[PDB]
Amino acid sequence: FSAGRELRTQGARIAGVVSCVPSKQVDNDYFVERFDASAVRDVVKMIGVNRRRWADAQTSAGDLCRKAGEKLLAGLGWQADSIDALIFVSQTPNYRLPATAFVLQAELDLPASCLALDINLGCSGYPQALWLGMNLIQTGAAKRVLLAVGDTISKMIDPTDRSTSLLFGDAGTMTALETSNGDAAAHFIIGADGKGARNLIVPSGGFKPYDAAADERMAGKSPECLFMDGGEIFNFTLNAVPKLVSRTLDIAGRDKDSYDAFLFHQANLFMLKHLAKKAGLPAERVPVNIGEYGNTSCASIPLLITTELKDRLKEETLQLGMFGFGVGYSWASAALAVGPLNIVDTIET
Ligand SMILES: [Cl-]
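Set out below in structure tokens:
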């Protein structure tokens, strides 16, 4: 397990996925006054982002997940009393305490027997949420699980920082998991390297402020905002993720060309292109929606499913690989069959 823990589940399936994005659409024009048009043009070419959605002050990740959840439950026809666990994966919770999972439990009318867990993960979070939820179902702790995976990273961006300002958008998602009777297996790999903490971090805002003054890379940066060392993240990613993809493919037992899609965290288009090439993946089978939504952090994979795979999922079972990487450092994969599904949708606030 030198390159991550290998995990297998059976007896659980994805039953539906809904994404909810802010109705506020922010075009690149927005940024030309503060940043030079030429510089904006060159950066957005590389990152691939034409538009993104930004939450207003009264809209949180929890709110986006609640609205997605309402739509998902209505579509599935699942009664609130039937939900056994809700896991909220986010870096932008409502409160320091209580956890936002409790707010969602109450707002969705879930029962007292519904487990409520907030877990702090970023870009690597979706495959981990899938694994945890499917493990709960396999082990008989649950029959129906909701995964509320969302973020409003726009609220942590320094508006004077060009790289982060142009990159991030906001989204919230809800994924339904249910007990399944087939013999189909899901495979996951989950890895961590906390030595990367200082390369993707919000220095101030928690209970042990990072020593930003002592870090030359942070000169002129706001400590309450997101810091990213792009060069370090690129090198981390280009090394760890192709190995993750290879090993995931090997343990899932299916030929590369029999996958319907390889769903990557939408880090930036330059990175996505480099990863697909290094992993020898066919570019047409690597969906991208960063152009319309920006990088939506932990929401990026489920948002990709709803915006890019809705029509294909209606009709067939898809063989999917999912690869998340980022903050922690952390990286994670899922490889499994999904669908057909009728409840796959993208709504706005
Ligand atoms: Cl451009």
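Just so you know, the sequence shown maps onto residues 6 to 35, 39 to 284, 286 to 358 in PDB author numbering.
Just so it is clear, CB atoms sit at the ideal spot from N, CA and C, and this is done for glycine as well.
Distance between beta carbons of residue j and residue i, contact taken as under 8 Å
| i | j | result |
| --- | --- | --- |
| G56 | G199 | Not a contact, Cβ separation roughly 26 Å. |
| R255 | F270 | Wrong, their Cβ atoms sit about 14 Å apart, outside the cutoff. |
| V48 | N33 | 6 Å |
| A109 | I95 | 7 Å |
| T100 | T160 | 5 Å |
| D178 | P27 | 6 Å |
Ligand 1 heavy atom lying under 6 Å from the CB of residue i
| i | result |
| --- | --- |
| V295 | no |
| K53 | yes |
| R49 | yes |
Distance CB(residue i)-CB(residue j) smaller than 7 Å
| i | j | result |
| --- | --- | --- |
| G333 | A344 | no |
| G130 | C307 | yes |
| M164 | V97 | no |
| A150 | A93 | yes |
| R74 | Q30 | no |
| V253 | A292 | no |
| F196 | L12 | yes |
| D64 | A88 | no |
| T316 | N298 | yes |
| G16 | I352 | no |
| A114 | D126 | no |
| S188 | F176 | no |
| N207 | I259 | no |
| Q328 | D268 | yes |
| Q274 | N247 | no |
Identity of the residue in the options nearest residue i by Cα
| i | options | result |
| --- | --- | --- |
| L154 | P167, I165, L140 and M164 | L140 |
| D71 | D44, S24 and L105 | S24 |
| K216 | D201, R225, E232 and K203 | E232 |
| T14 | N143, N276 and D263 | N143 |
| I145 | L80, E41, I19 and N247 | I19 |
| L350 | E115, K151 and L318 | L318 |
| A192 | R262, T183 and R74 | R262 |
| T326 | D237, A137, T316 and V347 | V347 |
| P311 | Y35, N247 and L80 | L80 |
| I356 | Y302, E324 and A88 | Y302 |
| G335 | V26, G202 and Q66 | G202 |
| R152 | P119, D159 and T172 | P119 |
| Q136 | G213, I241, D166 and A156 | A156 |
| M54 | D265, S162, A227 and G238 | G238 |
| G213 | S230, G337 and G158 | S230 |
| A69 | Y103, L313, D50 and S90 | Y103 |
| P167 | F43, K323, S7 and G300 | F43 |
| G300 | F278, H282, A194 and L283 | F278 |
Note to self: At 4 residues or longer, what runs of the alpha helix (DSSP H) sit wholly inside the region 126-169?
What the structure shows: Within the region 126-169, the alpha helix (DSSP H) runs of at least 4 residues that lie entirely inside it are, in chain order, 133-146.
Item checked: Those runs of the beta strand (DSSP E) which lie wholly inside the region 72-111 and span at least 3 residues -> Correct list: 93-97.
Notebook entry, point to check: Could you give the uninterrupted runs of the beta strand (DSSP E) lying entirely in the region 179-205, keeping only those of 3 residues or more?
Noted result: Runs of the beta strand (DSSP E) inside the region 179-205: 179-187 and 193-200.
Next item on the list: Go through the region 307-349 residue by residue and report every complete run of the alpha helix (DSSP H) that reaches 4 residues or more, in order.
Entry: Listed in chain order, they are 309-317 and 319-324.
Next item on the list: Go through the region 199-283 residue by residue and report every complete run of the alpha helix (DSSP H) that reaches 4 residues or more, in order.
Entry: Correct list: 238-260.
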